[PDB]
Structures are given as structure tokens and as C-alpha cells.
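Residue numbers (the entry's author numbering), protein chains in the order written: chain A, 4 to 636; chain A', 4 to 636. A prime marks a further copy of an entry chain.
Notes follow once the structure below has been shown.
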Ligand code: SF4
Ligand code: SF4
Ligand code: FES
Ligand code: FES
Ligand SMILES: [Fe+3]
Ligand SMILES: [Fe+3]
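Take a look at the structure:
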């Protein structure tokens, strides 16, 4: 079971699933081997009904697609479509938040409001909207309008790109025509240009993909902005993670997916429903988190994270998960089938995200509170049905310090320097206490023993004094193995990093260091790390491709992770990916993505499947950046 | 060679290609056999980096994707993405025309203007824009604004759907939530909902696809509207088709692709460049058409159609094709490679559609005339280089009567009834002289002997008195085999159809019938057939799913054809497809698309690979519609 997951709680539930005959994601993976190699390397195209066209990576015919598409055109078109799909996900999430905010301030959805008015005003200022003498409702209306306008062409380019990166970075990108004109505009142009008999030049196609990845960044940054306005900017919190946060005697309710628009309501509403839960024989309602909507409510409310990504089925295998409340993205549709074995009530809430066999509750922001109680009453009912059943919850959980928004990080640092908060961080980079910064992002992947790449790479960077930040299921992986527990700083961190984390923590009244890894939130909250890195660049007066900052999508799965990896490259970062993206069938495309893009954006992909080697390569990229600034390393 | 193409000119050029060693689309197809069956049936998914997930159509494991996605979810997601890609193509084309028109009336592009002011006023009226007391420039500005607004969410749904179908049809579609909210909005939502861990219910997914197909119809109808305003509504024309329209002693210039924004300029500009061509030793510039941009200039100017679709390479094999001017869509990228063997200058003109090895001229509407002369001078240069070379142009061509816009058809019929022009058509349907109407649409496919399905089905419907209309490469197939020559009416048409075609032709001063098949234009001009069918429904006071009208994508290839087939079903038509779409791996999806969608929209797919059987099935669908209206059959 160790070959499947490094998580001990997951290993325990795999044994339970095996002996009960419940098929898991790892069993379905085993049944899929040997997997198709052509697809695995990108050398397959089904973009017209003359296909499928497959090209063998090596040997004899076929060597080109039926229409004449070369290996490099086929690879580049496939990648562009996956970038577009990721952008469509992150941007659909942000779009729903934009409508939610507009409804809130237009009197239509009273469950929603401007919770962070400071953030609302900073956003409108960054965008050029008038704060002085305006009602907040009017300002927010304008912010929601600008958000929605960024999806289509207009007289300005996408503002959630051009106003969030330094002007020098926007200049480099404009010179190559990489600034998106509109988020859904770019998505559609990708789908056009990659369709049969259209763009057939690898470099032309990949430049389009870089631009579409920036549309994805815009949607990430928009999603983070709008959720912070609506639900509050995260500040440091203390909670727990892993399966042991489930409680046999409570109504256990998982919130799962990405969009917190209803799950934030679930959180507050469940608190009111406590006595109804006690009346049913439970101690209360225990809301827990799965995947990114779990990260959202962890970041803002301290909701414990139950599990993540590849291992999400294992929460139900405990037999104690009474409800799983779903919005969209990264939900294994197998949960609907597994629910008949485990008694879990699986509920979908989003019109465009249903699963055959799951109960559907038509969530509307206008009825959110009523929708929540209906869903939670179903969870209470399910708890009743299992009264007296035995459950198997692994008694395994870790302590998690999280809530490090960029505002929270700046405030932590400001306790060492009130009017130049970034200076103590830069000082410690300059003097070597902080070698550099690494962002871990993205998913788990069934092909990688769960969390193995995240923890292996994390351990080696921390020993080398890298400041490590994390989002999404990268944060999930690190949090479930103790990397967000300050009591582990001594074991994990180099001497220089320990001193800095300790200096900041002791200045924030903690009497203990910051945690070894800073949890910056969900997948769209990768945009928080961009805001921190951009503010660092603006403070140093250099572009991002000169900073000792790198990114690692160490166990990437989703098309969203591919989009994120691509805009990290596009804004200038060396970007590790720890799973093979479908590009190895074309050396020209690989050479563009890992070498010659350096001369366009300054960033580049690092494809490395061995986690110890990936750590060496990330350190080398960090150190090259250090030497380029004249620093020691 | 007969197994490859039923076109004798194509067969002759295949022999030339074989003996010169030039590899063709049919050779590349042969090298691809046996093709992957899983892909061919839809049972493959690469929507995340855990894949590819393939399911065998029959037998043992694997039976589900790694994430739990069933065969029916995988099939439905793949189809939805192909519908989205088609919509992205048709809508990108329309979007470029919208910008071209706005530039024209804003004084920025003097090569462009309002050529059809009657059409401009009818469009603004259909949309609710004020004609009275407004400059045409102001009206056109508003029309272009409404066009661009239909790409994103707003207070109205997509007007190029809701204002072009009968209100009863819009009502049926609204009741199922099928009206698009915005063209690129729907494209992106498809890419979201089909990404990993999102929509996982076949019926939910296919309803989304129906709605996205209507976004494709909107883009088709927008493209036709804007091109008619800019370049004139087609009226009946006489020309020729097939390779024999090339002339050894002229500068032969093919316009190839879909968007006529530059090719219409090529047409008029080439006329001015005649003496420069004579000075070079040519008789002049012989502009000819390939694929849909060829259909555009044929419909409006009588430009001869040289060839279409699967056989486009064969035009260059003559050795007489001096330039091939490309915009986007359905261009085999092999033309760039074949050009080094044939001396052809291949020129791309669109920023998002380049081909490695082709000369690129950066067309801008603001410099269109200058761009045209530069491209045409290159064609003159290439003619010079081949002065004295032998060429092999097959002396094979057919006579083509075309230009039957819906306005042209209504005007033809109005010579039999001036103030009720649709009545003579309906009368002859009622009394049986016209059994019904069939629209042939879409591509050639290398898997089908070129034109075999179009002509076989056409021959049997015409003998049964079906009024046959055609667009795109369906029109190309029928025109190259004599189906647009009135001299063939006697051979091809039933007695009832002959009498009607003769009655209309003799009323239009022709002294001869209309041609056996009415050429309604390019692929976006499938929207013309919708306008005719909707006007027929509105005249009879019934919905489209009660009319004896059917559609046949007899040799479908492109994702655009899949979108078109799907919106024909969605507006209510029995819709034949003569190539296997990737759906046979899921019986539930097949059953939805061919049977139970009947209860939603009234239309349905007819999947039939044998052309004689497909003809019987189309006739049966026509006759069922006849009996439902109480008519004899
Ligand atoms: S677009 Fe080209 S390579 Fe792709 S399936 Fe069609 S013929 Fe094959
Ligand atoms: S989305 Fe599901 S079925 Fe598709 S490749 Fe990923 S794991 Fe496989
Ligand atoms: S041949 Fe396997 S992915 Fe297409
Ligand atoms: S396994 Fe052949 S299309 Fe994927
Ligand atoms: Fe996740
Ligand atoms: Fe074509």
C-alpha cells in the first residue's frame, strides 16, 4: 500500500477497501496498464473524424497525421487545448464569483455581502475604479463589471493580467503579443487555431498557449480577489488535517470541489443547525474539507482538511462520511458509485456539474441558506441511518498552521519592519539565510506514490534554506505530512531558514517559528504567490525572471495544473513538473518549452520525474538566479 | 484510384502524384491503418495527466477511466469538446467579420464598405436597432456591436439564435435551458464541464452540447450576415468547377480557407493587376477557389471552383498552381511540404493560422489592397519561374449554376407568386411535386471514396422528387459531378421535381429549369438554409420539427461539421451523418443522439455509413414528416 500512498491513513483505508471489495482509483489505474504510449507522449490526434492519427515515438510509419500534421504540430495542439481547458476551469470559477458579488450588492442574494471592504478598495484602486465619495455597493458593482468585462474583447486588454504584474513584465509580454485580449476570447481562439486545417506551426501554436495561460492566471487572480471580497482575506489559522479529523459521533460533512460560494454558507449554516444535530444523536455537525474548496474554508475558517485529490475516495471508506457536498473540478465521479457501498450521501450542487447516481440540490445564491439546511438535513438523516454501525476512522492527523495570504505574509514581516515589510525577507535572501523561494502547486497523480514527490523535494529545499510556499493539493500533501506544524521546524529547516522563521514568529507574539511551509491557499490562490513575487520584484526594481523564485507542480494531474505551470513559465519562473506532460513525442516542442522559451519570457519548464534529481535541478535554477543578481550561493 | 476518389480529375492527379513520389492524404491514411479502435468509438480520454484512459468496446478490463469516468461520460465529453471546437471556428470567422465591418464604418479600412445596404437594414430590424433617421455607418456600427456582444453574457441571450428561429422553436429550446447565453461563454463552459472531475452525467453533458451547437449556429448566421453586408448577398451566377478551370497560360491563384475578408479583395485587385500579368508572359490572373472561401467568391463573383476538401493537394500536383492564398480552417498542412515539389507559392495570411515552411504575409484590413498586390506579385513571380515547363491540368470541368442565397430563392419563387413567394414551394410540397427538402452539408472524408456518399444519396432523393440544397464541400462534391448543371435535370430529377424546377426557371427568363441542386454557399451559409426553413415554418404556422426537411453530413470530417450536425438536430431536423462519429462505444449516448433527443428538440441523428441505406432512411424521415402533416406520400 506504500507504493500507492505515502499517507498512513490512506494506506489503512486501502486495506479496508481491498477487503470489502470496493474498487479504488489505484485499482482502476492498475486495470489500465499498460497505458497507450502514443497518447502518453502526445503523439495522438482526434481533432477530426479522419482520425485517430497516432505516430509512433520511434520506428516506421505512421510518421505524420492524415492531413499532414507533423509530430510537433500534433503535440503543440494537444497542449494548447489542455491549457485552454484549465483556463476555462479557473475562469468559470472566477466568473461565478463575479456574478455572486454583483447579485450580493444588487440586493438579490442577502446571504452574500462585502466582507473585506479594505480588499474591495485596494482592488478598485489597482483597476482604476473611483473610491472617493462612492458607496461600497457602487464600487463593488464596478469591480464585478470589470471582472466580467475581462472575459471578452474591449478597448483594454485583460486587466487581471496587466494590473497585477510589474510594468516591465507586461512590456516583455506585449512585445511578443502574449497579453490576453479577453479570457473566453483566448479559450475560443485556442480551440479554433488547434482545430483541423488551422495553425500548423509549433512556435506559433505555443505562443498562443502562453497567452492563453495568462488568461488562466487572470481567472485565478480574479477568483482570489472576488472570494476575498466576499468571504474575507485569510489570516493565520490553526487546525488539523487527514482522516482523523472525522469524528464517529458527529454528522461528518465533507465540502469538496473548488468554488466556496456554497461551502462558505455550509460552514456558517452548519453552526446554527447544531441542536438539530444533537436532537438526532450526534454531537454536532463536523464540517471537513476535501480538495480546494476544503482549502478555501480551511484558509478562512480553520475547517480541518480531511484529505485531497487522488485519495478522496478514502474519506468515504471510513464509513463515517455522512455527506459529500460537491461543486465542480477534481471530483472523482467514482464517489457516486462508492456511496452505495459506504452509506455516504453524495450531493451535487452545480448545474453544469452532475454525476449520475448522486442527489442533486439546485443551489442558487438567492436561496443559499435554505439550500444549505436542506443539504445538511440530508447529512443528519444519513447519520441517523448509521447510528450503531462501526466505523473505521484512522486515528491519524497532523497539526496545520495556515492562512498565509500575501497580506498575511506582509503583515507578519511588518513586525520586523513596519514601513518596509518586504525588506527583512530581501535582506535574508541577500545574506543567504533564505536561499530562494519555491512554490509547490497542483495535484496528486495516481502514477506517483501519493505525496512522494512533494515531500522528497520539500525536504531537500528546506534543508538548503529555501522558503517554501504551497497551494492546492501541494499544500494538502505537505500539510498531511507535518510540514505546516511549527514543532517540525527544527527537524526540517536549515539553520538560516530556521532563524528567519523563528525571527518572524517571535515578532508575531508566537514564541515559536512560522511553520516550515507557508500555506497560501487553493489552486486559484496560486495568484497570491504571484502577488508576493511581483511585490518583491517591484521592491527590488527587477523583473520576475531575475528573482530566485521557482515553482514545482510535483505531481501534476489536471488540465488546470498544466495551465498554471505554463503561466509560471510565462511570467518568468523556472517551473518543475514531476509527471510527464504529453510532449515527449516532439523534441522541437520539448526544446521550446524547456530551453528556448527562456529567451522569450525568462522562465522555462523543468521536466523531471525523479524527485531527488528534481530538487537538485530546482536548487540549480535558484542558485543561477542568485549568481545573476551578484549574490553568493 | 477509383477507391480513393470518384472524381476523374482527382484520379488523374493521383496517378501523377504516385509516379512523382509525392505523398498524398490517401497515402498518409493508408500508412495509418489499422487505426485505433478505442479512439474511433470514442472510448479514449486524455483530459488529465493520469491518462490516456482507453476502454475496450467489448471484453474485459479496462471498463472505466482511472477517475471513475464511465464509457458514456467519456464519449459525451469528447463529443462536447468537438462541438465546442466547431463553434470556436465558425464564431472566430464571424468575429473577424464583425471587427472588419466596425473598422470599415469607422473610417479605418477603406477597402471595405457597406455593399448590401438592404441587408444591413433587414438585419438591424431583425435585431431591434433603429433604422429611421440613422446614417448607414451608424446602423452598421450598432450591428457590429450587437454581433460582438453575442460572444459574452449580457442582459439578453444570443440574438443570432433568438431572432433567427421561430418563437415557438425558441420556446421549446428555452424550456430545456438550451438557449446560449454567449458564444465564447458556451465554448468555455464546455471546456470547463468536460475537464477532469466535473460534469459526469451523459444527459447533462449532451444538453450542454446542444446548447453549444446553437452557439455554433449563431456564429454561422452572424458570419453569413456580416459577409453579405460587407461583400454583397449572392444572386444566381454561372461558372465552372474542377481542375480544368486552371489555365496553363495564366497566373493561377487559388484562394483557400473559409474567411473571404482578404480573398474578396484578391478577386477585385487581381483584375487591376492584369497588365502586370501580361507583361510577365501570362494571359492574366486566373483566380480559382478551394474549399469554402472558394465557395464565397464563387457565390458572389462567379469565381470557378478548382477543387475541395480531401483532394485539395491535387490542384498543386498539376504543376500550374502558382499561388495558394490561405486564411484558416480545413487547410491540409501538407500543402506547405508539397509546394517544394510543385513550385507552388503557399502563403498564409492569418496571425493564428501559420504553417511551417509557408510564406507569411501579415494581412491587415487597413492595408488589404497593398497586401493583395504583394501576394499577387509573388504569384506572378512563380508563373515566371515555370514559363516553359509542362503542366498536367486534366481537361475536366463541369458547368455550375449557383448563388442561391435565401433571398435569391425567394426572389426566384416570387416570379410565380409576387406577394406570397413561399406559397408555390409549399403548394408543390402539399401536392407531392416536392416530396421534401434535403440539405447536404460538410466535408469530404478520406475514409469515404471522395463524393461517393453525396452523389449516391443525391441521386436517389432527386429521383424521389426531393428538393436538394447544398453547402460547403457537399456543394463542392455535387457541383464537380454535374449536379449544378441545368442540362442534367432531365437525367437526375423525378417528374414532379423537374416540373417545379422548370416552372421556376421559365418564370425567371431562363427558358430552362433551375439546376438539379441549389447551391446555398459556404459552411457558415448553412445558416441560409435555416433562414429558408424558418421562413417556411413561419409561413405554415408550425415548428421546424414538423416540416419535411432533413440534413445529411454525408462525408463529415471537421469538428465544424459535428457542430453543424448537432444544431440541425437541435433546431428539429432529422440529420444524417455518413461517417462514424466517436459515439459507438456508448449505447446510452447513441440512444440519446438518435432516439430520445426526439422528445427534446424533435430532431435526431441518423448514423448510416451505407449511402443507399442512408437515402432510404432520409426518405423515410421525410415521409414520416409528410404523414404527420396529413399529406400523401
Ligand atoms: S486533424 Fe489531422 S492529425 Fe488530427 S485527426 Fe484529423 S487528419 Fe488526423
Ligand atoms: S479525466 Fe478521468 S478518464 Fe480522462 S484521462 Fe483523466 S483519469 Fe482518465
Ligand atoms: S492512440 Fe492511444 S491516445 Fe490515441
Ligand atoms: S488509445 Fe487510441 S485514441 Fe487514445
Ligand atoms: Fe484537489
Ligand atoms: Fe472544405
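Using N, Cα and C, we set each Cβ at its ideal position, and we do this for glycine too.
Item: Return the chain-ordered list of same chain residues with a C-beta closer than 7 Å to the C-beta of residue 536(A), the five sequence neighbours on each side being excluded.; Value: 547, 550, 552
Item: Counting only Cβ pairs nearer than 8 Å, list the residues of chain A' close to residue 249(A).; Value: Those do not exist, as residue 249(A) stays about 22 Å from chain A' at its closest Cβ, beyond 8 Å.
Item: Using only the alpha-carbon positions, how far apart do residue 92(A') and residue 238(A) sit?; Value: 45 Å
Item: Residues near ligand 1, CB to any non-hydrogen atom under 5 Å, in chain order?; Value: 48(A), 50(A), 51(A), 53(A), 54(A), 56(A), 68(A), 69(A), 70(A), 72(A), 199(A)
Item: Quick one: what's got a C-beta closer than 8 Å to residue 182(A')'s C-beta in the same chain, skipping five residues either side?; Value: 160, 161, 164, 165, 173, 176, 214, 217
Item: What do you get for residue 613(A'), buried or exposed, if any count of 16 or more other CB atoms within 10 angstroms of its CB means buried?; Value: exposed
Item: Please report the distance separating the alpha-carbon of residue 487(A') from that of residue 231(A').; Value: 22 Å
Item: Specify which residues have a beta carbon nearer than 5 Å to any heavy atom of ligand 5, listing them in chain order.; Value: 294(A), 312(A), 333(A), 476(A)
Item: If residue 366(A') sits next to residue 254(A'), beta carbons under 8 Å apart, how far is it from one beta carbon to the other, in whole angstroms?; Value: In fact, because the Cβ distance is near 19 Å, the residues do not count as touching under 8 Å.
Item: Ignoring anything shorter than 3 residues, give me the beta strand (DSSP E) runs that lie fully in the segment 23-90 of chain A', in order along the chain.; Value: none
Item: Is it buried or exposed for residue 64(A'), if we count other Cβ within 10 angstroms and need 16 for buried?; Value: exposed
Item: In the DSSP assignment, find the unbroken beta strand (DSSP E) run with residue 443(A) in it and report its ends.; Value: 439-443
Item: Tell me which residues of the segment 85-110 of chain A have at least one Cβ-Cβ distance to chain A' shorter than 7 Å, keeping chain order.; Value: 87, 88, 91, 92, 94, 95
Item: Over what stretch of residues does the beta strand (DSSP E) that includes residue 216(A') continue unbroken?; Value: No beta strand (DSSP E) contains residue 216(A'), which is instead part of the alpha helix (DSSP H) from 205-234.
Item: What is the residue span of the beta strand (DSSP E) that residue 524(A') lies within?; Value: 520-524
Item: Grab the span of the beta strand (DSSP E) containing residue 470(A) for me, first residue to last.; Value: 469-474
Item: Note down, in chain order, all residues in the segment 14-44 of chain A' with a beta-carbon under 7 Å from any beta-carbon belonging to chain A.; Value: 28, 31, 32, 34, 35, 38, 39, 42, 43
Item: Skipping 5 residues on each side, what residues in its chain have a beta carbon closer than 6 Å to that of residue 19(A)?; Value: 320, 395
Item: What residues of chain A' sit near residue 520(A), judged by a beta carbon separation below 7 Å?; Value: None at all; the shortest Cβ gap to chain A' is about 24 Å.
Item: Assuming residue 242(A) contacts residue 301(A) under a Cβ cut-off of 8 Å, what Cβ separation, rounded to an integer in Å, is found between them?; Value: 6 Å
Item: Taking 7 Å as the threshold (beta carbon to beta carbon), is residue 592(A) in contact with chain A'?; Value: no
Item: With distances taken Cα to Cα, identify the nearest neighbour of residue 198(A') among 567(A'), 139(A'), 54(A').; Value: 54(A')
Item: Looking only at its own chain, which residues have a Cβ that is under 8 Å from the Cβ of residue 270(A'), when we skip the five neighbours before and after it?; Value: 258, 290, 300, 304, 306
Item: Here's the rule: buried if 16 or more other CB atoms are within 10 angstroms of the residue's CB, otherwise exposed. What is residue 61(A)?; Value: exposed
Item: Looking at the secondary structure, which residues open and close the alpha helix (DSSP H) in which residue 124(A) lies?; Value: 120-130
Item: Answer with buried or exposed for residue 620(A), where buried requires no fewer than 16 other C-beta atoms within 10 angstroms of its C-beta.; Value: buried
Item: Whole-angstrom Cβ separation of residue 333(A) and residue 68(A'), contact assumed at under 8 Å?; Value: That belief does not hold up - the Cβ atoms of residue 333(A) and residue 68(A') are roughly 14 Å apart, past 8 Å.
Item: Do residue 404(A') and residue 558(A') have their C-beta atoms closer together than 7 Å?; Value: no
Item: What is the DSSP secondary structure of residue 449(A'), counted as helix, strand or coil?; Value: coil
Item: Does the beta-carbon of residue 39(A'), which I'm using as the reference point, lie nearer than 6 Å to any heavy atom of ligand 4?; Value: yes
Item: Does DSSP classify residue 198(A') as helix, strand or coil?; Value: coil
Item: Where do the ends of the alpha helix (DSSP H) carrying residue 603(A) lie?; Value: 601-604
Item: So that I know if they touch, is there some Cβ in chain A lying closer than 7 Å to that of residue 475(A')?; Value: no
Item: I need the straight-line Cα distance from residue 225(A') to residue 187(A'), nearest angstrom please.; Value: 14 Å
Item: Identify, in the order they occur along the chain, each residue of the same chain with its Cβ nearer than 6 Å to the Cβ of residue 500(A'), setting aside the five sequence neighbours on each side.; Value: 468
Item: Check the Cβ of residue 271(A) against every Cβ in chain A' and list those closer than 9 Å, keeping chain order.; Value: Neighbours of residue 271(A) on chain A': none; closest Cβ ~26 Å, over 9 Å.
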